[PDB]
Amino acid sequence: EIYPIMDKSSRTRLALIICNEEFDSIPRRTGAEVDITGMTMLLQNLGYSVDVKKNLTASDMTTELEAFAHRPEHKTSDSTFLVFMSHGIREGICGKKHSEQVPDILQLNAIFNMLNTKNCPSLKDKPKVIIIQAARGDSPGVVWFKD
Amino acid sequence: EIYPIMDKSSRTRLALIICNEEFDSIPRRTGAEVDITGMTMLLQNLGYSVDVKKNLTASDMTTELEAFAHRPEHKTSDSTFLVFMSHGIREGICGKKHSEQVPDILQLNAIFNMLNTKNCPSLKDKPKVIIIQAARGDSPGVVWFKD
Amino acid sequence: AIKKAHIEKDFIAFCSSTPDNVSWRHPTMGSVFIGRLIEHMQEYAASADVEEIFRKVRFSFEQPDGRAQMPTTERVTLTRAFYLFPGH
Amino acid sequence: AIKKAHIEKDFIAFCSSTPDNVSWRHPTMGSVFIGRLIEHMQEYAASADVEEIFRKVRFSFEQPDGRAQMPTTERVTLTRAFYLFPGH
Ligand SMILES: *SCCNC(=O)c1cc2c(C(F)(F)F)nn(C)c2s1
Ligand SMILES: *SCCNC(=O)c1cc2c(C(F)(F)F)nn(C)c2s1
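Chains as they are written, first to last, in the authors' numbering: chain A, 151 to 297; chain A', 151 to 297; chain B, 317 to 404; chain B', 317 to 404. A prime marks a further copy of an entry chain.
The structure is reproduced here in structure tokens:
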């Protein structure tokens, strides 16, 4: 009852990391380079070929994810990893040109509809790990209690 | 690394089932009585005292869930079960007076904000299982493929 | 005395995103999602944790033949494994 | 030949709902959420499945002392257990 792994000699594992640190209006995400270096080194040690994309809009993130789903490497792969690192709101991942007046949001539902069986038949019956990092505009998730 | 269970001799496990079958505009959910009978008998065999609520609006579901969180039985309990059975859309659970023109939706985010540590301190460090049944307006989740 | 505590912790949601509309033949029939859940909850209660039980429900629905069902486990905030312990 | 297949299957999302804003002291510091994930991914890769690894990340964040973090595993659609198998 375990997911069948592919032989190391003839496999093409592929992973994608989309990170946003430089922005137009919203605060800079400094120290993100350490997060990129950490995740890329980890996934590569796990056998995944890592594609890193820096500072993209919601429209650019949609196209890049759509292009990633139609890669021929997934045909001879057994699993995949998706890493999103940016600001986060109620809807989902923020883009680089996201502001209070002009919204630029990549919806989380669109990510699942991109790697799904219908739009991505190459990753059928294959584990799809989506790691998202989204800092939300709500006070630190801690509450004090009397004991 | 397992959740500490409470002694059977002196515990007050409590569960809530909210089911909607009769509606004002949207189609009737016939055969829901079998789902109620099945779940109530199951949870009672697991040690939970089951409260069953039939045909409620979003406003009534909010009050009933808020009243369930402030029950003194949870103080001497170790776990809880929440069962929602109704029609479902993009937002969440539909109410009994829900229509195309007049929406009556109980949001899923409100359920988690009701049993959370801040609004429900009695269920702190205690497992909270929320089983939802929501039939969505999308064609059966199956796609054919050539092999 | 004061201590910090997470606002959202020890949660597990098990909901069916797939449609479960009423059948024309047998209108009073019980739900396949609810039915299959109970079946696994009865046999695997004294052997597996609830999060692992939901996986067994997902594993049983792997091949579609009757009603197409595939439930999703959402907002998992359980730090430990929750065993039910029947009759304890 | 034709066969039925679920549109959404074999998914697992591991995201932090808790805020991870940049600190005033040490501005170039790495994320505590990303850092703790890698630490568990290195040691528990050849012993536990990814879904169980995410639980170990949640178990390590049980008591808040530094940054308050509690990640949630969402839309779990994995029928089986996914072991990584390092060096295989
Ligand atoms: S009970 C099933 C209902 N599901 C939801 O309420 C939603 C879950 C998500 C996610 C996820 F985080 F899983 F990716 N993203 N959106 C936009 C929703 S709605
Ligand atoms: S990556 C964390 C972001 N989460 C989501 O996108 C949402 C998950 C849910 C749910 C849940 F199904 F978990 F209850 N309900 N809503 C309204 C959301 S949004």
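Backbone N, C-alpha and C fix where the C-beta goes; we use that ideal spot for every residue, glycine too.
1) Within the same chain, show all residues whose beta-carbon is closer than 8 angstroms to that of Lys246/A', passing over the 5 residues directly before and after it, in chain order.
2) Near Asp336/B', which residues of its chain fall below 8 angstroms by C-beta distance, leaving aside the five closest residues on each side in sequence?
3) Check whether the Cβ of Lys268/A lies closer than 8 angstroms to any Cβ atom in chain A'.
4) Can you give me the C-alpha to C-alpha distance between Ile318/B and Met191/A', rounded to a whole angstrom?
5) Does the beta carbon of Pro290/A' come closer than 8 angstroms to any beta carbon on chain A?
6) Can you give me the C-alpha to C-alpha distance between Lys278/A' and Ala361/B', rounded to a whole angstrom?
7) In the structure shown, what three-state DSSP assignment does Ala321/B' receive?
8) So which residues on chain B' does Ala285/A lean against when the C-beta distance must stay under 7 angstroms?
9) Mind checking if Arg396/B is an interface residue toward chain B', Cβ cutoff 8 angstroms exclusive?
10) Any heavy atom of ligand 1 closer than 7 angstroms to the Cβ of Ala329/B?
11) Measure the C-alpha to C-alpha separation of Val338/B' and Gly181/A and round it to an integer number of angstroms.
12) Compute the distance between the beta-carbons of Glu367/B' and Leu394/B', then report whether it is under 8 angstroms.
13) What residues from chain B crowd round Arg179/A', counting only those whose CB sits closer than 8 angstroms?
14) Which chain B' residues sit within Cβ distance under 7 angstroms of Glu151/A'?
15) Verify the CB distance criterion: does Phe295/A have a CB-CB separation below 8 angstroms to chain A'?
16) At 4 residues or longer, what runs of the alpha helix (DSSP H) sit wholly inside the region 202–256 of chain A'?
17) Of all the options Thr213/A', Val293/A' and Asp288/A', which has the alpha carbon lying nearest to the alpha carbon of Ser332/B?
18) Answer yes or no: does any C-beta atom of chain A fall closer than 8 angstroms to that of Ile318/B?
19) Using the Cβ count rule (16 or more neighbours within 10 Å means buried), how would you classify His220/A'?
20) Scan the region 348–372 of chain B for residues whose Cβ lies nearer than 9 angstroms to a Cβ of chain A' and list them as they occur along the chain.
21) At 3 residues or longer, what runs of the beta strand (DSSP E) sit wholly inside the region 256–292 of chain A'?
22) Report the CB separation of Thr226/A from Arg161/A in whole angstroms; it is logged as a contact under 8 angstroms.
23) Under 8 angstroms between C-beta atoms, does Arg383/B' make it to chain B?
24) Residues of chain A' with CB closer than 9 angstroms to the CB of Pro271/A, please, in chain order.
25) For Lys320/B' and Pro290/A, what's the separation of their Cα atoms in angstroms?
26) Are any of the Cβ atoms in chain B nearer than 8 angstroms to that of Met386/B'?
27) Measuring CB to CB, does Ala329/B end up less than 8 angstroms from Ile282/A'?
28) Mind listing the chain B' neighbours of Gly188/A? Cutoff is C-beta to C-beta under 8 angstroms, in chain order.
29) Could you pull out every residue in the same chain whose Cβ sits closer than 8 angstroms to the Cβ of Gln194/A', ignoring the five residues on either side in sequence?
30) Between the Cα of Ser236/A' and the Cα atoms of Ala165/A', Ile176/A' and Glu151/A', which residue gives the shortest distance?
In this structure, then:
1) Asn170, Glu172, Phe173, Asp174, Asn205, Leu206, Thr207 and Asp254
2) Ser347, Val348, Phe349, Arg383 and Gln385
3) yes
4) So the alpha carbons of these two residues sit roughly 41 angstroms apart.
5) no
6) 28 angstroms
7) strand
8) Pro335, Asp336 and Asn337
9) yes
10) yes
11) 8 angstroms
12) yes
13) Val338
14) Under the 7 angstroms cutoff, chain B' gives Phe375.
15) By this cut-off, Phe295/A is an interface position.
16) As far as the region 202–256 of chain A' is concerned, its whole alpha helix (DSSP H) runs of at least 4 residues are 208–219.
17) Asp288/A'
18) yes
19) exposed
20) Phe349, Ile350, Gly351, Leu353, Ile354, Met357, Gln358, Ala361, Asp365 and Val366
21) 278–285
22) 6 angstroms
23) Closer than 8 angstroms: no.
24) What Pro271/A touches in chain A': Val293 and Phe295.
25) 45 angstroms
26) yes
27) Inclusion of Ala329/B and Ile282/A' in the CB contact set at 8 angstroms is warranted, their separation being smaller than that value.
28) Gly346, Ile350, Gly351 and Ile354
29) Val200
30) It is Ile176/A'.
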